[PDB]
Amino acid sequence: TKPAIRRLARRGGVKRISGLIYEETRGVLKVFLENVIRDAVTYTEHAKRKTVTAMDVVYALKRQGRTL
Amino acid sequence: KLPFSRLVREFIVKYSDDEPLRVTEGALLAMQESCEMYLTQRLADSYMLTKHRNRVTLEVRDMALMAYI
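The name recorded for chain B in the PDB entry is Histone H3-like centromeric protein cid, from Drosophila melanogaster. For this entry, the PDB title field holds "Crystal Structure of Drosophila CAL1 1-160 bound to CENP-A/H4".

The name given to chain A in the PDB entry is Histone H4, with Drosophila melanogaster as the source organism. Its UniProt record gives chain A a comment under Sequence similarities (unreviewed entry), which states: "Belongs to the histone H4 family."

Turning next to the overall build of chain A. Summing up its helical and strand segments, chain A has three helices and one strand in all. Counting helices and strands in the order they occur from the N terminus, chain A gives α-β-α-α. Against the globule reference of 11 Å for 68 residues, chain A gives a C-alpha radius of gyration of 15 Å, more extended than a compact globule. C-alpha extents for chain A along the principal axes are approximately 45 × 20 × 20 Å. Considering only residue pairs separated by 6 or more positions, chain A has 32% of its internal contacts joining residues 24 or more positions apart.

Contacts between the two partners involve 37 residues from chain A and, on the opposite side, 33 residues from chain B. Among the elements that line the side of chain A that touches chain B, the one with the most residues is helix 2 (residues 20-46) of chain A, at 16 residues. Grouping the constituent residues of the side of chain A that touches chain B by class yields 18 nonpolar, nine polar and ten charged. Summarising the sheet, strand 1 (residues 16-17) of chain A and strand 1 (residues 57-58) of chain B pair through two bridges and their orientation is parallel.

Further remarks concern the pattern of salt bridges. Scanning the entire structure with this criterion turns up eight salt bridges over all chains. Here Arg49(A) makes a salt bridge to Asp56(A), at a shortest N to O gap of 3.1 Å. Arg49(A) sits in the partly exposed class, given a relative accessible area of 35%. Linking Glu10(B) and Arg6(B) is a salt bridge whose minimum nitrogen-to-oxygen distance equals 3.3 Å.

In this section: the packing of aromatic side chains. Geometrically, a pair of aromatic rings is defined through the distance of the ring centres and the angle of the planes. All names here are of chain A. Summed over all chains, the structure comprises three aromatic pairs over all chains. For the ring pair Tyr43 and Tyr59, a centre distance of 4.3 Å and an interplane angle of 15° mean the geometry is stacked. With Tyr43 in helix 2 and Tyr59 in helix 3 (residues 54-62), this residue pair connects regions lying 16 residues apart in the sequence. Residue classification places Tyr43 among the partly exposed residues on the basis of a relative accessible area of 35%.

Calculation notes
- Residues numbered from 1 in each chain as written, not as in the entry; some residues may be left out.
- Chains lettered and ligands numbered in written order.
- Heavy atoms only, no water.
- Residues with missing side-chain atoms left out of burial classes, pairs and counts.
- UniProt positions renumbered as here; feature names shortened; annotations may be inferred.
- Helix = DSSP H or I, 4+ residues; strand = E, 2+ residues; numbered from the N terminus.
- Rg over C-alpha atoms; globule rule 2.2 N^0.38 Å.
- Contact = heavy atoms within 4.5 Å.
- Nonpolar A, V, L, I, M, F, W, Y, C, P; charged D, E, K, R; others polar.
- Pairing = 2+ DSSP bridges.
- Salt bridge = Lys/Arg side-chain N within 4 Å of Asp/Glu carboxyl O.
- Buried < 20%, exposed > 50% of the residue type's maximum accessible area, 1.4 Å probe, protein only.
- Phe/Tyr/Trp six-rings, centres within 6.5 Å; stacked < 30°, edge-to-face > 60°.

Structure, rendered in structure tokens:
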């Protein structure tokens, strides 16, 4: 939504934001999430289990580099 | 929850094989926390470029240099 992006900007110290950020921000995140969910789903299904746990999310985050 | 569940559902189904993959609240909340801070981090770093550019408006200009790196 528009205020969730605003809320994220204000958390980061951003005061005012341009209108393309809204679409650009969703795209950037999906890339991140695609890796998190993909990795989590791939590990969770492969690893003798079929349920995503908090640690599977943790496993996906380690596998990022867009964190480091 | 509305745009988070969509993406989770789309990608669990997209990246499933024989079936969607259950999941717990802690898993969902843990993911959601992680993803929020990733956008906070990258917007804030791009905002560091904004101040370096003598501007006050975070723009797609600033998002792109961190994204290029």
